[PDB]
*Asks:* 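Handing you this structure, nothing more for now.
Every chain is numbered from 1, with letters handed out A, B, ... down the list of sequences.
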Amino acid sequence: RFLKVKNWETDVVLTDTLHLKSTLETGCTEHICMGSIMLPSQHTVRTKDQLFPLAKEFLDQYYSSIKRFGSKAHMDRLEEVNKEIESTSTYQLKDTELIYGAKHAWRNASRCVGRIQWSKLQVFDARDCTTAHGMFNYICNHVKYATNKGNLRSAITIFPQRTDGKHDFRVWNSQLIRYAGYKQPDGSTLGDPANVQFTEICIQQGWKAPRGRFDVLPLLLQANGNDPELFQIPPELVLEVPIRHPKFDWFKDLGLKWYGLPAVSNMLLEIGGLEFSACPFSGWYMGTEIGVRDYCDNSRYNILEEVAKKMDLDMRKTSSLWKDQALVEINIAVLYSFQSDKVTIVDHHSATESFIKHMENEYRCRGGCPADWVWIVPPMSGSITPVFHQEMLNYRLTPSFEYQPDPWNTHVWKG
Amino acid sequence: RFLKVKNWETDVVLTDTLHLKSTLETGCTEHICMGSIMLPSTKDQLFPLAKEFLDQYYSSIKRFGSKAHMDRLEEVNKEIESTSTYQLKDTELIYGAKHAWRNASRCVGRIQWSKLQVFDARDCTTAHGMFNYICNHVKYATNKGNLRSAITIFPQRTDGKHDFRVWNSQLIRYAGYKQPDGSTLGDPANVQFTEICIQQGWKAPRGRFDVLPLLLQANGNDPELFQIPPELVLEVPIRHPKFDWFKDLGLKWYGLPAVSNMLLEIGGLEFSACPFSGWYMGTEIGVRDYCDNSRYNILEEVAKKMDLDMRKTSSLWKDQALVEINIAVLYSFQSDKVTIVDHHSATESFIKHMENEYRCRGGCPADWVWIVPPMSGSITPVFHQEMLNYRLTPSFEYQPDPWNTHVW
Ligand code: HEM
Ligand code: HEM
Ligand SMILES: Cc1cc(N)nc2cc(-c3ccc(OC(C)C)c(CN)c3)ccc12
Ligand SMILES: Cc1cc(N)nc2cc(-c3ccc(OC(C)C)c(CN)c3)ccc12
Ligand SMILES: C[C@H](O)[C@H](O)[C@H]1CNc2nc(N)[nH]c(=O)c2N1
Ligand SMILES: C[C@H](O)[C@H](O)[C@H]1CNc2nc(N)[nH]c(=O)c2N1
Ligand SMILES: [Zn+2]
């Protein structure tokens, strides 16, 4: 059964057959659409029972992609995985399989607008890691390689898979590089309000907080199920960009800066039924992630009103669109600062344009591209980007990146 | 299965039980979400539909299972039996129309749902009669710029051969013409309809802002052209509160959004002609009607006049122009005392409406893909609001364009 999507701005129609290969559930039914739920339970322990069917499905996938489906290499590997499961209750991916699986988890990430780049992912195999110090070293190297002095390169570092769920590797940080947030007694917040809870855990674990507005948080790394340990990223590894505006000289005076490398570190990579609970991945920013969300979200730095004041806008009534007007300027300043400093960034027009090209190519060479419109459309100027008028089909393919509960809610403390 | 929606800006959690009363289907399955698909897809089935409607009607008036309810149920049951259809009482007609708007999950303006003015036009027999009812609707709803919400309901479908239809997609829309040098004058969204009207006997002035004639179909006959009296068409000249050169662009828009091509379903009955109107959200003109590439596409001209660097997208010249255009649209309407709401006020109103509906009704079906405005989405409160989308009845539905289905 085929399904079609129409771009209503160009009348281009595409035919999705890939959705038949879908296994996991969406959360929707015939009578309710959960398309705007941030985490369907579906999007968030496993025995030898249900494991070999998942392994077989992944290996069939993998050997098809190398055009060796049904070969002796394919059938022998199936048997080898079978015996390793029945005797060890898990199994180990070859290097080739791990690289393929990680690239395809990104290719499958239906909320990621940056997926045109999915095949150019540098995969770092950290499955020989055993300790938190070992994790810190792998992460430092990831940060150095990814940053590349501003010429950002996508990368992922994969720590050992889950076994009995009692020996998990976890990065307790939500991203490798994030700014601390401090709740003051007067109710205000210093730094990034998005990180107040994690900052407090860090301070509790012994971190001496500078209590500044842009303190890079320490790494809180959990190896093999042990209590997590604190490490400071060497500051020369943290590339940062002072935010200025090309016409507004007072903009520098807001004291703002941001870090160059977005490296998400709290998601779970699933490949052939194996669960990689620690797998930080990084690329480069779309400007709106910093300029719209990171600075202008009401629950974030919320510099909108200050920028509004310094522009001397009518802040009395909302219908003056002072918020809209200040948001654009803040996003101009983010792009201008990164480009001036030669730090890789992409604006939301370029990125959505690339994504449509990626999506059309995926429909032709792959039969489909799962896409989450609610997440693909940029958080400003939605309808003047090409993805707004693009119909999209959302479904869940494996390998996948999944959400998982924050470790501090599930961790059994050693003391 | 008593579902919960969370607002990630406020942490407010709402519990939705209203979805369990949902009947129609969304187009999604457990294996695929079609939440961004624009248009997903008689005798036997009529009495259950009527029962369901009358059950909810008599519940709303706190007389479920009373003398009146059971009597009306059999009365309708008898009429369907013989006549093969049935006729709504005035009271049920008004209830069904207010609740078809209440249930329109893509409508951000539903906090106003209970103040709808319903015009019963079920006695109309001709396109001329339809034109009379529509002029009265337009005059009432315009109200000299103090716009009022309104719906006019023409006779319900019978055999599909006697359909009442308004062929326009809105009562008031600007013409669009194909030009020699390839492009388009007027309004590109209306090029096919503008040529149908010409293909009917309309002498087009061939300007930018030519108000289209009405093309009215009664009882299934060929449609007829009618000119809306210009004194009934309120227009706003578009100028900018800071940029004096903006008036030089020669733009205007009409005050009354009156959508006329949808179908109103109440208790199984199908009202194929049911023009309804309210007032504009600024972005419906300034973002979509002016800046969409498939529309007026004046963005590049605005940013040019603003002397913005249009050589790279990363200057955000489009975004900068888009905001100025929408500031002007709001400034122009407000200066002329024509009702209009900005996207910040309307979305804030919609969160309050959602609050209300969960508290007094158990839920509110809401289509996030359509509720979030087409600009500045994440700084409006609906962006961070989880929503549940489901189809309740009475409802407004899509229907094919008549010129694809009418036997001439
Ligand atoms: C290289 C440039 C990249 C860009 C510009 C980009 C952009 C984005 C954006 C804007 C989002 C939406 C998140 C939000 O707005 O809060 C997103 C989601 C996401 N990105 Fe990408 N990303 C990039 C690279 C990558 C890489 C290298 C990976 C993994 C290896 C990745 C995996 C994801 C995932 C898993 C999500 C969430 C998807 C889901 O939950 O289905 N991205 N990305
Ligand atoms: C009075 C102020 C109103 C405002 C500000 C408003 C706003 C909107 C907006 C912005 C949309 C999205 C359409 C688009 O962006 O292209 C919409 C959709 C819609 N509106 Fe409203 N509206 C109002 C009144 C009404 C009334 C009076 C009715 C009917 C009685 C109505 C019925 C609908 C319907 C049926 C849809 C499409 C829903 C669907 O397809 O499921 N609206 N509205
Ligand atoms: C590699 C990469 C680059 C980039 N430029 N951006 C990225 C954004 C996410 C991301 C961000 C936010 C988010 O949502 C949280 C608010 C829960 C999720 C969840 N799927 C993923 C993940 C990876 C990204
Ligand atoms: C009374 C009213 C007021 C308003 N201020 N705005 C309105 C917008 C629509 C509307 C607009 C577009 C649309 O869909 C097209 C893209 C085909 C639909 C159908 N869902 C309804 C319908 C009624 C509206
Ligand atoms: C592809 C997408 O479904 C289509 O462009 C929709 C998206 N959301 C929308 N939202 C509103 N309010 N109005 C629209 O016309 C649309 N168009
Ligand atoms: C409620 C809603 O689903 C939630 O706020 C989502 C909406 N879409 C988003 N889209 C992107 N790109 N990033 C986000 O964080 C969100 N948040
Ligand atoms: Zn859905």
Side-chain angles (χ1 to χ4, degrees), chain B residues 24 39 41-50 53-54 75-90 92-97 100 118-138 150-171 192-193 196-197 199-202 212-226 228 258-277 393-408:
Chain B
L24 295 148
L39 321 140
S41 0
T42 74
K43 261 291 182 187
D44 216 335
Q45 323 81 349
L46 186 49
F47 181 68
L49 296 177
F53 174 64
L54 291 176
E75 155 165 68
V76 160
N77 201 353
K78 283 161 162 170
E79 184 181 356
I80 302 175
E81 257 278 23
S82 62
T83 62
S84 64
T85 172
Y86 74 100
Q87 304 285 331
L88 295 157
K89 300 299 188 177
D90 288 18
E92 318 164 331
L93 183 78
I94 296 160
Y95 172 93
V118 181
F119 291 115
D120 188 354
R122 291 179 283 164
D123 62 359
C124 182
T125 72
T126 63
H128 276 84
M130 294 178 72
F131 169 72
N132 194 44
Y133 271 109
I134 284 173
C135 284
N136 292 345
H137 180 132
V138 170
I151 179 156
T152 298
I153 302 164
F154 291 111
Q156 71 205 39
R157 174 190 275 95
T158 50
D159 55 349
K161 255 63 226 183
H162 308 339
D163 273 16
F164 287 75
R165 289 290 300 263
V166 173
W167 280 36
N168 314 51
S169 49
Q170 302 171 40
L171 302 177
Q192 185 182 10
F193 185 76
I196 287 171
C197 290
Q199 186 202 128
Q200 287 299 333
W202 190 56
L212 285 166
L214 294 169
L215 228 214
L216 300 187
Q217 168 190 330
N219 219 36
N221 309 300
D222 299 348
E224 300 183 35
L225 284 176
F226 298 95
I228 298 182
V259 165
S260 58
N261 62 356
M262 302 198 62
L263 181 141
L264 162 57
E265 220 204 57
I266 301 166
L269 305 176
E270 295 182 337
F271 300 96
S272 42
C274 59
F276 48 86
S277 64
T393 193
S395 57
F396 296 116
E397 305 292 348
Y398 304 80
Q399 51 183 348
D401 283 332
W403 54 84
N404 296 138
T405 22
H406 172 240
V407 269
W408 252 85

*Asks:* Quick one: pull up OG1 in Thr126(B) and CD in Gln217(B) and give me the separation to the nearest 0.5 Å.
*Replies:*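 Between atom OG1 of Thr126(B) and atom CD of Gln217(B) there are 13.0 Å.
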
*Asks:* State, to 0.1 Å, how close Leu264(B) and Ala100(B) come at their nearest heavy-atom pair, and which atoms those are.
*Replies:*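 Smallest heavy-atom distance, with atoms named: CD1-CB, 3.5 Å.
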
*Asks:* Does any non-hydrogen side-chain atom of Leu24(B) lie less than 4.5 Å from one of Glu397(B)?
*Replies:*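 The answer is yes, as the side chains (C-beta and beyond) meet within the 4.5 Å cut-off.
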
*Asks:* Between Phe119(B) and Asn136(B), is any pair of side-chain heavy atoms under 4.5 Å apart?
*Replies:*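 No, side chains not in contact.
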
*Asks:* Quick check: do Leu216(B) and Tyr133(B) have side-chain heavy atoms less than 4.5 Å from each other?
*Replies:*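 No, their side chains stay 4.5 Å or more apart.
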
*Asks:* Any heavy-atom pair between the side chains of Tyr86(B) and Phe47(B) that's under 4.5 Å?
*Replies:*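 No. Closest side-chain heavy atoms not under 4.5 Å.
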
*Asks:* Out of the candidates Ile151(B), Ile266(B), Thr152(B), only one should pair with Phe271(B) under the side-chain contact (heavy atoms from CB on, under 4.5 Å) rule; please name it.
*Replies:*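 Passing option: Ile266(B).
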
*Asks:* Per the side chain to side chain donor-acceptor pair (under 3.5 Å) rule, which among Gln156(B), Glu79(B), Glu270(B) passes with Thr85(B)?
*Replies:*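 Of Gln156(B), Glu79(B), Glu270(B), side chain to side chain donor-acceptor pair (under 3.5 Å) with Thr85(B) is met by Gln156(B) alone.
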
*Asks:* Please report the closest heavy-atom contact between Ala218(B) and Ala127(B), naming both atoms and the distance.
*Replies:*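 The pair with the smallest heavy-atom distance is CB-N, 3.4 Å.
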
*Asks:* Is there a side-chain contact between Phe154(B) and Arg165(B) (heavy atoms, below 4.5 Å)?
*Replies:*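 Not touching, per the 4.5 Å side-chain cut-off.
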
*Asks:* What closest approach, in Å, do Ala121(B) and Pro155(B) show between heavy atoms, and which atom pair accounts for it?
*Replies:*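 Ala121(B) and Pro155(B) have their closest heavy atoms at O-CD, 3.4 Å.
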
*Asks:* Working to the nearest 0.5 Å, report the span between CD of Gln192(B) and SG of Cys197(B).
*Replies:*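 Output value for this atom pair is 11.0 Å.
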
*Asks:* Listed by chain and number, what are the side-chain contact (heavy atoms from CB on, under 4.5 Å) partners of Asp222(B), not counting sequence neighbours?
*Replies:*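 Residues passing side-chain contact (heavy atoms from CB on, under 4.5 Å) with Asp222(B): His406(B), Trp408(B).
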
*Asks:* Identify the heavy atoms of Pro394(B) and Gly96(B) that sit nearest to each other, and give their distance.
*Replies:*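 Distance-wise, the nearest heavy atoms are CB-O, 3.3 Å.
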
*Asks:* What do the steps show when you test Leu49(B) against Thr393(B) for side chain to side chain contact (heavy atoms under 4.5 Å, CB included), and what is the final call?
*Replies:* CA-CA 9 Å; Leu49(B) 296 177; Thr393(B) 193; over 6 Å; no

*Asks:* For the atom pair CG (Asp163(B)) and CG (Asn219(B)), what is the distance rounded to the nearest 0.5 Å?
*Replies:*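 Between atom CG of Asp163(B) and atom CG of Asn219(B) there are 9.5 Å.
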
*Asks:* Can you check whether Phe131(B) reaches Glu224(B) side chain to side chain, under 4.5 Å on heavy atoms?
*Replies:*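 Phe131(B) does not reach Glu224(B) side chain to side chain.
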
*Asks:* Return the CG to CH2 distance between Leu212(B) and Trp202(B), rounded to the nearest 0.5 Å.
*Replies:*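 Answer for the CG-CH2 pair, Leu212(B) versus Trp202(B), is 5.0 Å.
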
*Asks:* Among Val118(B), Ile94(B), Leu88(B), which residue meets the side-chain contact (heavy atoms from CB on, under 4.5 Å) test with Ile153(B)?
*Replies:*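 That would be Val118(B).
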
*Asks:* Apply ring pair (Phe, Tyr, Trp, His ring centres under 6.0 Å) to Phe276(B) and list each qualifying residue two or more places apart in sequence or on a separate chain.
*Replies:*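 For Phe276(B), the residues satisfying ring pair (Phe, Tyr, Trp, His ring centres under 6.0 Å) (neighbours in sequence not counted) are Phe396(B).
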
*Asks:* If we only count heavy atoms from C-beta on, is the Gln45(B) to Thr42(B) side-chain gap below 4.5 Å?
*Replies:*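 With C-beta onward as the side chain, the pair touches.
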
*Asks:* Sort out for me which residue in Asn168(B), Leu215(B), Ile196(B) forms a side-chain contact (heavy atoms from CB on, under 4.5 Å) with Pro223(B).
*Replies:*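 That would be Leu215(B); it is the only one of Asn168(B), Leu215(B), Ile196(B) passing the side-chain contact (heavy atoms from CB on, under 4.5 Å) with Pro223(B).
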
*Asks:* What pairs with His162(B) under side chain to side chain donor-acceptor pair (under 3.5 Å), at least two apart in sequence or on another chain?
*Replies:*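 Expected list: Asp159(B).
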
*Asks:* Quick one: closest heavy-atom pair of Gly267(B) and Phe53(B), and the distance?
*Replies:*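 Where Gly267(B) meets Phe53(B) most closely, the heavy atoms are CA-CB, 3.5 Å.
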
*Asks:* Minimum heavy-atom separation for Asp44(B) and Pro48(B), please, with both atom names.
*Replies:*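 The pair with the smallest heavy-atom distance is O-CD, 4.5 Å.
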
*Asks:* Do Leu93(B) and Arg122(B) come close enough that some side-chain heavy atom pair is under 4.5 Å?
*Replies:*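 The answer is yes, as the side chains (C-beta and beyond) meet within the 4.5 Å cut-off.
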
*Asks:* Which distance, rounded to the nearest 0.5 Å, do you find between the CE of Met130(B) and the OG1 of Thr125(B)?
*Replies:*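 Between atom CE of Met130(B) and atom OG1 of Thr125(B) there are 11.0 Å.
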
